[PDB]
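All remarks here apply to the structure that follows.
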Amino acid sequence: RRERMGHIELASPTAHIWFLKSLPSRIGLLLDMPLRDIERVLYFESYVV
Amino acid sequence: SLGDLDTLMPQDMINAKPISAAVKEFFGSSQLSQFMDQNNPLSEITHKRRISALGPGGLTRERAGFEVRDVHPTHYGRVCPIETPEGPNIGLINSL
Amino acid sequence: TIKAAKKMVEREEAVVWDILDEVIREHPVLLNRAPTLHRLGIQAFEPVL
Amino acid sequence: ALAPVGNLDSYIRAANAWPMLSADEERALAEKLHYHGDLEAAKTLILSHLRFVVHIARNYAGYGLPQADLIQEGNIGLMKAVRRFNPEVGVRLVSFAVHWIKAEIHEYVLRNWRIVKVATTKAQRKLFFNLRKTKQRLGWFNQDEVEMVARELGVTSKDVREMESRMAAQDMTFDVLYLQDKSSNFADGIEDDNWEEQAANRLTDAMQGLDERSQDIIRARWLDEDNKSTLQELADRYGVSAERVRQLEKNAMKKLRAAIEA
Amino acid sequence: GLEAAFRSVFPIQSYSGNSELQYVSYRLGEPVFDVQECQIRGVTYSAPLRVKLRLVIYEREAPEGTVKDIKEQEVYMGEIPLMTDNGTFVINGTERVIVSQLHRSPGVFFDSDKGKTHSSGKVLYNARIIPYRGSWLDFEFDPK
Amino acid sequence: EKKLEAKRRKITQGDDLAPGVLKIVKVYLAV
Amino acid sequence: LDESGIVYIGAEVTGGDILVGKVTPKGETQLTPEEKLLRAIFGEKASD
Amino acid sequence: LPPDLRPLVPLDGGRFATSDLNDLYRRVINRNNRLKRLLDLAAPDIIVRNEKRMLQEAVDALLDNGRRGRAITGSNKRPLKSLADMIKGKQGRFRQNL
DNA sequence: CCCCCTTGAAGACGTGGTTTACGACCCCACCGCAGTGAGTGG
């Protein structure tokens, strides 16, 4: 019981906070998008084309 | 606001548990509430006359500068300048 | 058995002291005082009971 | 219903911004929903009553659970009432759905108030929501107060005391004799293994002194694990009586004890 | 004392303004157990608080009518731990001491920041208003 | 006699134990 | 110990001595056949 | 995480000692199950959107609690200890145990 | 003191008939530090 791991199937995809909020942001740098716009899109405040 | 009946007694208005819970929490869990030091009578009297700058609404040991720990000219006759702990609480706990 | 030796040690018979005197002979121990600022804070000594 | 929801506060504004319908046009949507299965009718009915759930959940803020979780639990209950609404009765949906919304919130509080479920059986659930109001003074009930509570609610005295303990329990965080693993002392296990091994060897040595017939009697009935030979089975194999097998073990065991004790 | 809190919370009016509660007076009853008995039994040495509350019914049939009925009853509010003759409290059978606190007094204090904008080499003045209960108001200067 | 009976009532009054607790024994050692 | 299972007042005690006697239900247990046979040979009964 | 690294041990007076990871995992599982139930119930888009946002917040709190906004707190008003807190700081795995 | 019975019953282990009982589901009209970012103005 100290070695066996489980898993949870997510109904919808979720972003990893380490690759988002740890400066410099990896997702923002890869997408060349501002971090604020990514945060707004992720937490359901605006749309993205 | 929700009630209907006009035959309502004042005992139906008051639930005494929250006040007792708050008083018990203060008297049994506050940082300034602590067991009496019973080594000797002088220890008890010193404990009963202790003045602390910590606690709720007070300073923090890690976030205290040199100015607040130093002896002030206004301390003359009000706070003993030589009775204080020798550790990191050096300037934050005083005696009357 | 191990249990008999445990009982003998707990009762502290006279032969246990001689056995201990033989055990501690030429068996160094390390003495340490905190804080350890340099390597001279740990040194080995020959115990004397 | 395309308003943005960046947090719970932004979600409440959209719910309140919806206009509250009147009874006249509420019937038309409910009638279409019941007979023609209009998904749009259910969509309008549910959205127009979102503010109804929000102010109900505010009354359940004493349990320490997040407000957002309570609101969503009520939303599921609201949908159940909408699916089972009969417009011909003439009553408003607000009065009909109040029983469904509060039933979903109650079940969520029971399962999430503590790390372990406090009330599972029928009697425990009744005492969960009644002991909060019945209790007036801090401390434990005396003997007399137990029957008074038990008599009204139709429960036993055991249930009242059991739920009383469950209400005041405060759970500590893991960080005192509870951090210690109780099966970690290997030194004791080594000593016990040594003691049991030297006692077994004495049994083997003692069994060698027994006669050949007596050894098979002790070995078959007592040492075998796959089978446990009874008295009668050993009787036919050696042509002896049923009592003779039983009487032989007593003398053999005395010899076994004598060798072991010496 | 308790009078200050009682008159700072009461009277309490309902939202619709059709009923209100009025505080009258209070008293403290005799403790059940003595100090030695509390220490032996390991229980708190406290006294019960009993308040007289008055309920007022507002007549909504009259625009200026609030004399429909009035009810008076003494209500129990809880237990207040008591202080022994030596200045200690017995909580769960053990003696405890409450240590006094030294804190900043409420009011307005004018301060001059130092060591900031040292490259500019000037001093910035700021002021704060600290209430006994509420929010903090501040005024401050930037280099311009 | 009334005062003596009041004292004996106070002396013989039972304890307030937690649910699931039958009795408690306390022993004091001096050295 | 006295008749109630409580040590007498005034007794001198050291490490390991019993002050208050108490027993607990134990339930089912598993034992190896060799130890069970040794227990049966020695004649001591099983306790609950 | 395996259960033995987030222990839950009973105590005498009906009390339990537990790690915060159990509470975070329970929150995540609850919100995921509620999202699945809403998606199978043909719900309006706004409620599903809110549920998705709360699921994202729960996952963020589980992975690293005090990083974006208000830290999820427990009974003592103290913030819950997340996975990232276990391996960093003076009290993390490295400096305290390795 | 080996041998086969007796002869009366004590317990021994299921056992799923019989019967509670748990659990679940349904309705309810400080500290100084450094890297970042706009944000100018040019």
Side-chain angles (χ1 to χ4, degrees), chain B residues 1-38 41 43-59 65 67-68 72 75 78-79 89 91-96, chain E residues 2 5 9 12-24 44-46 48-59 68-84 86-92 94-104 106 130 132-133:
Chain B
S1 67
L2 175 80
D4 268 329
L5 279 186
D6 285 335
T7 60
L8 262 177
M9 294 299 291
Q11 183 61 255
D12 284 332
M13 314 297 129
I14 297 320
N15 186 23
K17 293 187 286 185
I19 293 188
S20 278
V23 173
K24 185 183 287 185
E25 189 83 337
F26 169 66
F27 272 106
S29 303
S30 159
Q31 293 179 356
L32 307 174
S33 190
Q34 55 202 3
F35 282 84
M36 180 162 78
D37 200 356
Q38 262 179 345
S43 179
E44 298 159 29
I45 295 170
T46 292
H47 203 183
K48 277 156 215 186
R49 289 170 67 83
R50 173 163 310 150
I51 288 150
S52 170
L54 319 178
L59 309 187
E67 293 83 3
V68 71
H72 202 266
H75 288 189
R78 293 163 182 95
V79 160
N89 281 343
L92 312 174
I93 303 169
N94 291 297
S95 192
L96 188 76
Chain E
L2 296 160
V9 194
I12 311 170
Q13 278 88 12
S14 57
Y15 177 86
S16 182
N18 53 356
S19 53
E20 81 165 5
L21 279 171
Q22 295 175 346
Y23 152 80
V24 190
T44 299
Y45 169 68
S46 46
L49 175 68
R50 315 204 180 276
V51 66
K52 284 178 188 294
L53 289 203
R54 179 156 58 222
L55 170 64
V56 186
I57 310 192
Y58 286 53
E59 181 72 42
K68 186 173 152 64
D69 214 4
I70 48 174
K71 294 159 161 302
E72 283 201 13
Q73 193 196 40
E74 198 172 55
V75 192
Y76 158 91
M77 317 285 315
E79 297 290 328
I80 306 282
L82 289 197
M83 185 195 254
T84 78
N86 297 319
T88 52
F89 298 86
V90 177
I91 306 304
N92 298 327
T94 53
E95 289 186 79
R96 309 191 66 113
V97 167
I98 309 283
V99 161
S100 292
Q101 198 182 33
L102 175 81
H103 68 122
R104 281 181 63 164
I130 309 165
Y132 198 78
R133 186 172 46 85

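Keep in mind that the numbers below use all heavy atoms, side chains included, and drop hydrogens, waters and symmetry copies. Lettering follows sequence order; numbering is per chain, from 1.
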Counting only heavy atoms not in [X], do more than 12 sit closer than 6.0 Å to its [atom1] atom?
| X | atom1 | value |
| --- | --- | --- |
| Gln31(B) | CD | no |
| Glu25(B) | CD | no |
| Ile70(E) | CD1 | no |

* For the pair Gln101(E) (side chain) and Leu54(B) (backbone), establish whether a donor and an acceptor sit closer than 3.5 Å, ignoring hydrogens and angles. =>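 Yes; at least one donor-acceptor contact below 3.5 Å.
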
So, taking the atom named [atom1] in [X] and the one named [atom2] in [Y], what distance separates them when rounded to the nearest 0.5 Å?
| X | Y | atom1 | atom2 | value |
| --- | --- | --- | --- | --- |
| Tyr15(E) | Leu2(B) | OH | CG | 14.5 Å |
| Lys71(E) | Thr7(B) | NZ | OG1 | 7.0 Å |
| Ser30(B) | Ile98(E) | OG | CD1 | 6.0 Å |
| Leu32(B) | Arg96(E) | CG | CZ | 11.5 Å |
| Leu102(E) | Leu59(B) | CG | CG | 8.5 Å |

With only heavy atoms counted, which part of [X] is less than 4.5 Å from chain B, the side chain, the backbone, both or neither?
| X | result |
| --- | --- |
| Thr88(E) | side chain |
| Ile57(E) | side chain |
| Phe89(E) | side chain |
| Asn18(E) | neither |
| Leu53(E) | both |

Does any heavy atom of chain E fall under 4.5 Å from the side chain of [X], the backbone, both, or neither of them?
| X | result |
| --- | --- |
| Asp37(B) | neither |
| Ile19(B) | side chain |
| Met9(B) | both |
| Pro56(B) | both |

* Heavy atoms only, distances under 4.5 angstrom: which of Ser52(B), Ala21(B), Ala53(B), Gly3(B) has the most pairs with chain E? Name it, please. =>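 Going by pairs under 4.5 Å, I would pick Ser52(B).
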
* Between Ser1(B), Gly55(B), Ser20(B), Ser33(B), which has the largest tally of heavy atom pairs under 4.5 Å with chain E? ->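 Answer, by heavy-atom pair count under 4.5 Å with chain E: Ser33(B).
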
* Considering non-hydrogen atoms only, spot the tightest contact between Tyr76(E) and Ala16(B) and give its length. =>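 Closest approach of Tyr76(E) to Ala16(B), heavy atoms only: O-CB, 3.5 Å.
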
* For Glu44(B), enumerate each residue passing the side chain to side chain contact (heavy atoms under 4.5 Å, CB included) test, keeping only those at least two apart in sequence or located in another chain. =>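 Only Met36(B), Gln38(B), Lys48(B) meet the side chain to side chain contact (heavy atoms under 4.5 Å, CB included) criterion with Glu44(B).
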
* State which residues pass side chain to side chain contact (heavy atoms under 4.5 Å, CB included) with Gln11(B); sequence neighbours excluded, sorted by chain then number. =>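 Result, side chain to side chain contact (heavy atoms under 4.5 Å, CB included) vs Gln11(B): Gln136(D), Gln73(E), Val75(E).
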
* To do: Could you please spell out the steps behind the side-chain contact (heavy atoms from CB on, under 4.5 Å) verdict for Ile14(B) and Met77(E)?
  => CA-CA 8 Å; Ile14(B) 297 320; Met77(E) 317 285 315; 3.6 Å; yes

